[PDB]
């Protein structure tokens, strides 16, 4: 098992998801999603994320407090195309952004993305540097997942602690 995670029940919502020696690979034009059967309310959730060459060289994301369809929930991402770390939400099937931090995000560079969620408060860390501290009260609990946007991206050491 080349994909390292402490979570299981990984079930594709859409896009294409496969395990490689670099970890779990997602690939789509636009947004796509894979959900774990694992669920949570307050937690730390993290992954190594690498944007590969291909598609639009866009983004890879943690997803959390997600509904069963990935139509509602929170994401934190690294976006190579836009040079952004975004904290955002889907609500009623569409995305809107809560906070975003500007920094160069390079293709083929491994980033460690960490989210700490506690009640309505979220702290997002990029390679251990705190970059976003935000509030949003829309979702309190749900499934963990992963997302890519206009990208091929690879996720490794995907872990939850609570």
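Numbering follows the first chain given and starts at 1.
The PDB entry records a higher mean C-alpha B factor for 46 to 54 than for its counterpart among 46 to 54 and 118 to 126. Averaged over CA atoms, B-factors in the entry run higher in 102 to 110 than in the other of 102 to 110 and 59 to 67.
As recorded in the PDB entry, 10 shows the highest C-alpha B-factor of the residues 139, 149, 144, 10. Sorting the modelled residues of the chain by their CA temperature factor places residue 96 in the middle third. Sorting the modelled residues of the chain by their CA temperature factor places residue 131 in the middle third.
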